[PDB]
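If you want the building blocks of each chain, they are given just below.
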Amino acid sequence: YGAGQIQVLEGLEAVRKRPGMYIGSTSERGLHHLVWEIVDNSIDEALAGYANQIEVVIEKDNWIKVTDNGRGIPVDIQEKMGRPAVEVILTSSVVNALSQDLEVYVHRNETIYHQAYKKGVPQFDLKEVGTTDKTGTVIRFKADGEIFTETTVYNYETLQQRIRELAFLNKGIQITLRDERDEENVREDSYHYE
Ligand SMILES: Cc1[nH]c(C(=O)N[C@@H]2CCN(c3ncc(C(=O)O)s3)C[C@@H]2F)c(Cl)c1Cl
Ligand SMILES: [Mg+2]
Ligand SMILES: [Mg+2]
C-alpha cells in the first residue's frame, strides 16, 4: 500500500460519495454522460492525429463498448505509481469508479492487453491475452445501479443525436453507433463528415 495506491482508493471513495459533483447528476442525463466521458478521450486522440474511427455499441444488458483506432492507452510501467500507465489512467476515471464492471483491451506493440475493474478497483494485473496488427483502445463498462438509481437503460436517440453532432463538429472522424441489445433487431447509424 504505497502512497500512490492509497491516493487511488481515496479518489474512488470521493467519486462514489458525491457522483453528481463529477457527472452533473445520477439521473438519465448522468448515465449518458458516462458515454461522453469515454468518447471524449477518443475524439482528442483523433484530433491529435492518431485516430479516425470511433464505435459506440449498446450491448446486452446495457453495457457500453467504445472502440477507437488510436495509439492505444500506454501500458509501460510509469514512475509515479510503478503500475502500467493504462491502470493509472483508468483507476482515476470517473466512469470506472461509477461502473459496477469495466474492461479495457489495449491494442499496442502488436499485443492485446486486458484489465478488468469493479467500481474502479482492478480485479487482476494488466495481462497480455493475444496479438494484433492494429492499434487502439476498447472500453466496455456497465453503469453501477447503486449510483444510477433511476435508470441504467440507455436511450438510442439520445446517443444518436450527440454522436451525429460530434461527427459534424469533428470532421474526418467516422463515428458509428450500434444497438445490439436485441440480437434479432440490430440498429446502426454511421456518421462521417467531409
Ligand atoms: C476509449 C479511449 N481511448 C483513449 C485514448 O486514446 N487515449 C490516448 C492514447 C494515446 N495516449 C498516449 N500517451 C502516451 C503515449 C506514448 O506513446 O508515450 S500514447 C494518450 C491517451 F492516453 C482513452 Cl484514455 C480511452 Cl478511455
Ligand atoms: Mg486525452
Ligand atoms: Mg475519415
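Residues numbered from 1 in each chain as written, not as in the entry; some residues may be left out. Chains lettered and ligands numbered in written order. Heavy atoms only, no water.

- In its metadata, the entry names X-ray crystallography as the structure determination method and reports 1.6300 Å as the resolution.

### Observations regarding the coordination of the magnesium ion (ligand 3)
Link 1 in the chain: For the magnesium ion (ligand 3), every protein donor is listed as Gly172 (O) and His192 (NE2), and the spread of their distances is 2.2 to 2.5 Å. Of this pair, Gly172 sits in the loop between α6 (156-169) and β8 (174-179) while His192 sits in the segment after β9 (187-191), placing them 20 residues apart in sequence.
Link 2 in the chain: For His192, a relative accessible area of 48% translates into the label partly exposed. (Donors = N, O, S within 2.8 Å, 3.2 Å for Na, K, Ca; no water. Helix = DSSP H or I, 4+ residues; strand = E, 2+ residues; numbered from the N terminus. Buried < 20%, exposed > 50% of the residue type's maximum accessible area, 1.4 Å probe, protein only.)

### Focus: the site of ligand 1
Link 1 in the chain: Neighbouring ligand 1 are the residues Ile38, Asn41, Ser42, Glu45, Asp68, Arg71, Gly72, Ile73, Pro74, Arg108, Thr137 and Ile139.
Link 2 in the chain: The contact in question runs from a nitrogen atom of ligand 1 to an N or O atom on the side chain of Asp68, over 2.8 Å.
Link 3 in the chain: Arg108 is positioned such that a nitrogen or oxygen atom in its side chain is 2.7 Å from an oxygen atom of ligand 1.
Link 4 in the chain: About the coverage of ligand 1: the protein hides 73% of its 590 Å² of free accessible area.
Link 5 in the chain: A per-element tally of the shell around ligand 1 places helix α3 (residues 28-47) first, with four residues.
Link 6 in the chain: For the shell around ligand 1, the residue count by class is four nonpolar, four polar and four charged. (Near = heavy atom within 4 Å. Polar contact = N/O pair within 3.5 Å; in protein donor to acceptor, adjacent residues only side chain to side chain. Areas by Shrake-Rupley, 256 points an atom, 1.4 Å probe, with all protein chains shown as cover. Nonpolar A, V, L, I, M, F, W, Y, C, P; charged D, E, K, R; others polar.)

### So, the packing of aromatic side chains
A ring pair, where both rings are aromatic, is described by two values, the distance of the centres and the angle of the planes.
Link 1 in the chain: Tallied over the entire structure, the rule returns one aromatic pair.
Link 2 in the chain: Plain terms: the ring middles of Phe168 and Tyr193 are 5.6 Å apart, the flat faces sit at 85 degrees to each other, and that makes the pair edge-to-face. Taken as a pair, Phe168 in helix α6 and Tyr193 in the segment after β9 lie far apart in primary sequence, 25 residues in all.
Link 3 in the chain: Accessibility expressed as a relative area gives 47% for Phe168, which makes it partly exposed.
Link 4 in the chain: Of the residues examined, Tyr193 reaches a relative accessible area of 22% and is grouped as partly exposed.
Link 5 in the chain: Lying over the aromatic face of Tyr50, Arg71 brings its terminal NZ or CZ to 3.7 Å of the ring centre.
Link 6 in the chain: One residue, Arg140, lies across the ring of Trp63, its end atom 4.1 Å from the ring centre. (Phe/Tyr/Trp six-rings, centres within 6.5 Å; stacked < 30°, edge-to-face > 60°. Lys NZ or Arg CZ within 6 Å of the ring centre and 35° of its normal.)

### Some points on the pattern of salt bridges
Link 1 in the chain: Summed over the entire model, instances satisfying the criterion amount to 18 salt bridges.
Link 2 in the chain: One salt bridge connects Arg71 with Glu45, and the closest N-O pair in it is separated by 2.8 Å. Here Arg71 is found in the loop between β2 (63-68) and α4 (85-91), whereas its partner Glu45 is found in helix α3, with 26 residues between them in sequence.
Link 3 in the chain: With relative accessibility at 40%, the residue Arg71 sits in the partly exposed group.
Link 4 in the chain: Put simply, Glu165 and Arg162 hold a salt bridge, and the shortest N to O gap is 2.9 Å. Of this pair, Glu165 and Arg162 both sit in helix α6, three residues apart, which is roughly one turn of that helix.
Link 5 in the chain: When its relative accessible area of 29% is taken as the criterion, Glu165 is described as partly exposed. (Salt bridge = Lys/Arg side-chain N within 4 Å of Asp/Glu carboxyl O.)

### Things to note about unusual backbone geometry
Link 1 in the chain: Phi is positive for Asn109, which is not a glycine, with a value near 55 degrees.
Link 2 in the chain: Relative to the assigned elements, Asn109 resides in the loop between β3 (99-108) and β4 (111-118).
Link 3 in the chain: With phi around 50 degrees, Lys119 is a residue other than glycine that occupies positive phi space.
Link 4 in the chain: Among the structural elements, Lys119 can be located in the loop between β4 and β5 (121-122).

### Side note on the side chain of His32
Link 1 in the chain: Here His32 lies in helix α3.
Link 2 in the chain: Look past the residues within four positions of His32 in its chain and what remains in contact with it is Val153, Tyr154, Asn155, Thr158 and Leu159. (Contact = heavy atoms within 4.5 Å.)

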